[PDB]
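Structure record follows, encoded as structure tokens.
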């Protein structure tokens, strides 16, 4: 989307930067589509007279679904390591 | 369907009549399709020998689904009033 | 196709105001679809009737029973739009994340009030390289009961 | 209380009652209406000696 | 069963020939109440404030869309007792006239 | 012999709001068919599971299309009709601009009273062909009333 | 006698950012239609379940297409217009390069003011036909205003 | 006058791995189009619920197709290019065998610099027509870089 004039003819779209050590991860994946779907839940409460109070709202965690093409076996191994990586965000 | 020979070239098909005050409501709806689906449930009871007695039958309430085009804002507001109308059948 | 020639009393301009501040929020949010679902709930079990009574003494009792046996569920909207700017999307994400948020969506002629965001989907695909399709869902926190 | 005996091409399914009944009125069938009925066997034809 | 004192077009208590106050009931009372409710500017009730028509924020102002004016007028009409709803609400705009026409379906 | 010539055919199109008095089409195109109606289908059939047949009614629109010479007064009037949104007119239980086309087909007297319809589609701008001559403009209307033929 | 010729037709394309002053198309193609627009459909009809008809408004684009001779200055300008990404300009509440084509059709004076639109598709490279002569290049624009026609 | 002839057109195809120095196509087919390109579509339009128009960028490949005489050296080189699996070469952040075609379209010096692409399809074996003359072979490439034209 607009918002930022990069004025750069080589800008990178997708990045998975490891939060600790601040390093690029799987810098070769060929992305094809990204869906960052949010979620939240209401608390509909019917009450006596025909009416319904929603009460509060809970902010459920966001999810991202990325479709990619892996052209290299090392990239496939890196993705498997990401899945098996329980200690880095 | 047939059963009645109106012999009249201006007979109106759809009619939502308020049961009390006997008045037409939402008279400008342009109906497109109507599905008056019934419902009922059996009480299949398997018993000893290979067999199943259905017992009796309970008549679940009728459902009717009307697809329509509302041409005007007052008709849309009349539909909203119908939904919010909890005191008339 | 001159789309600036909109109707006067049924103008097709979605306007998401903010109840707290009374200001249009998320402008430049080209809207591609708006669906407004307003459900309810009626009795499932057969109501009892006390017949062998009179005209208009059965009618009022039936009216009370009918008003007694139907419950209204809140309205929800599903706006499908296309955000052209990152600022609008950042604002939408922040408003969604904020726990306290009541807005007033005004569709073509619908004036749904006190609505809060339930769902936000931002889809980025190779056929929309600039801008990205967005699917927001709102739900009514409380019907507009007139505070006397 | 309703028991019928549906006889298809060669079946004689008996002791059969209506469970569901759908009547559809569409703009492509201005006269007549398309109906979809469902039947269930209340009791298999056990031979009452 | 609504009831209201008889008022003239000047919105003042209009008496009868014998110097009494007429108490209209049902249809005429509801019609007069609706006419009186549509003539009350918003924020004029010390005890309601939010009630009243938006004659200075929705009408009489460079407002982009008159749907808000339509909603305010509809709310003002529905605020009267025994009104149920509105069958039709025309919001036509003439050169300098904001023509409004209602078709209330009051229960009487 | 039977004379089936279409010369002398005239059309009078009268609209509810745009043209209360109506206009007349007499200048028809030289390459496109001046009048062309899609096949009306007011009946339908279904097959029973015993090989039988069932006949019923179905909703049938009359899709008529008239072709006019590019740049003519009839083309200008039809463009004016095309460029007139239904949302800017008052509403009645009838159709939003319910225009009718009284068609007089050949001086024999055949009159068609096609009514209760709207305009569906038409060309916004003139298309210049390969030959260099502007293509005739075809405007399509749809109608729900298709009776009134005489002689 | 109606003159439906096409000689003398000129187009002036003015773009919001790429060509603020605009350029002129006069060198139209010889094999393809110099100007061709799809059938506009600003209305729609639906069938009620009692056989009636309902007419409503729809969203209608104007898909215009202009054909130019390969290698001409008009073709170069149109290719420059085509190879201009929408992501490299500022946002305004208006359309990203909101380009308008003023069409002066014939010396009679018919002016069409198609505006609020942008180019959609076109040939990036010149295709050489079987006969050995480069094919004419047809660039398609889409527009959201067909009003302004005169005479 | 405008010379839109195609005689003298030369193509230089250089691949990253198969033909690092590249080869030259000059013997084009006599029946099929020597160069044929599908219309590039780098933009798209969508309709808002108020009838408005939105214009956005969409991904657009350039599908080129060159036709050569069956049995020629250019045909043999193109078959060698086609029969080279992408999995048999090494990998870089770039594309697998990046092949670019420099098109000198005329003595004008068009100099089309189509790059960032690969071959997609073509004929493996020569087909013999009814007449008995082997049909010209058309090989299709796709590209993602479509800028560099001069004059």
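Before moving on, here are some points about what is shown:
- Some residue of segment C:31-40 being within 10 Å of another protein chain (Cβ to nearest Cβ), surrounded by 13 or more Cβ atoms within 10 Å (Cβ to Cβ) and part of a loop (DSSP other than H, G, I, E, B): yes
- Segment F:64-103 - residue that is surrounded by fewer than 18 Cβ atoms within 10 Å (Cβ to Cβ), in contact (Cβ under 8 Å) with a residue 60 or more places away in the chain and not in a loop (DSSP other than H, G, I, E, B) and, of those, nearest to the other protein chains (Cβ to nearest Cβ): F:80
- When the residues of segment H:19-46 are filtered to those that are over 16 Å from the mean Cα position of the chain (by Cα) and crowded, with 19+ Cβ neighbours inside 10 Å, the one that is farthest from residue H:121 (Cα to Cα) is H:45.
- Residues located in segment G:6-18, provided they are at the interface with chain F (Cβ under 7 Å from one of its Cβ atoms) and crowded, with 16+ Cβ neighbours inside 10 Å: G:6, G:9
- Residues that are on the phi < 0 side of the Ramachandran plot, surrounded by fewer than 23 Cβ atoms within 10 Å (Cβ to Cβ) and more than 7 Å from chain H (Cβ to nearest Cβ), drawn from segment G:104-134: G:104, G:107, G:108, G:110, G:111, G:112, G:113, G:115, G:131
- Hits in segment G:135-151 (condition: touching a residue at least 40 places away in the same chain (Cβ under 8 Å), within 7 Å of another protein chain (Cβ to nearest Cβ) and part of a loop (DSSP other than H, G, I, E, B)): G:146
- In this entry, residue A:32 is excluded by the filter for residues that are within 14 Å of chain C (Cβ to nearest Cβ), out of contact with any helix residue (DSSP H, G or I) (no Cβ under 9 Å at 6 or more places or on another chain) and within 26 Å of residue C:75 (Cβ to Cβ).
- Residues of segment C:109-123 satisfying the condition of being surrounded by 19 or more Cβ atoms within 10 Å (Cβ to Cβ) and under 27 Å from residue H:44 (Cβ atoms): C:120, C:122
- Selection within segment F:54-63 - under 19 Å from the mean Cα position of the chain (by Cα) and assigned to a loop (DSSP other than H, G, I, E, B): F:59, F:60, F:61
- Condition check for residue H:51 on (1) facing another protein chain (nearest Cβ under 7 Å); (2) part of a loop (DSSP other than H, G, I, E, B); (3) in contact (Cβ under 8 Å) with a residue 24 or more places away in the chain: one failure, at (3).
- Whichever residue in segment C:82-107 is within 29 Å of residue A:45 (Cα to Cα) and either out of contact with any strand residue (DSSP E or B) (no Cβ under 8 Å at 6 or more places or on another chain) or at the interface with chain A (Cβ under 7 Å from one of its Cβ atoms) (or both) and, among such residues, is surrounded by the most Cβ atoms within 10 Å (Cβ to Cβ): C:96
- Among (1) outside any strand (DSSP E or B); (2) at the interface with chain A (Cβ under 9 Å from one of its Cβ atoms); (3) more than 27 Å from residue H:55 (Cβ to Cβ), the one test that residue C:60 misses: (2)
- Within segment C:118-133, the set of residues being within 16 Å of residue C:93 (Cβ to Cβ) and out of contact with any helix residue (DSSP H, G or I) (no Cβ under 7 Å at 6 or more places or on another chain) comprises C:118, C:119, C:121, C:123, C:124, C:131, C:132, C:133.
- Where residue A:9 falls short, out of the listed (1) free of Cβ contacts under 8 Å to residues at least 60 places away in the same chain; (2) farther than 24 Å from residue G:86 by Cβ: (2)
- The lone exception for residue A:86 - which of (1) surrounded by 16 or more Cβ atoms within 10 Å (Cβ to Cβ); (2) under 30 Å from residue A:12 (Cβ atoms) it fails: (1)
- Single residue of segment H:54-63 satisfying the filter (touching a strand residue (DSSP E or B) at 6+ places or on another chain (Cβ under 7 Å) and farther than 19 Å from residue H:139 by Cβ) that is farthest from the other protein chains (Cβ to nearest Cβ): H:60
- Of all the criteria given as (1) in contact with a strand residue (DSSP E or B) (Cβ under 6 Å, 6 or more places away or on another chain); (2) within 30 Å of residue C:118 (Cα to Cα); (3) crowded, with 16+ Cβ neighbours inside 10 Å, the one not satisfied by residue C:12 is (1).
Readers should treat all values here as calculations from the given coordinates under stated rules, not as data from a laboratory. For neighbour counting, all protein chains shown are included, and Cβ atoms are generated from backbone atoms with ideal geometry for every residue, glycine included.
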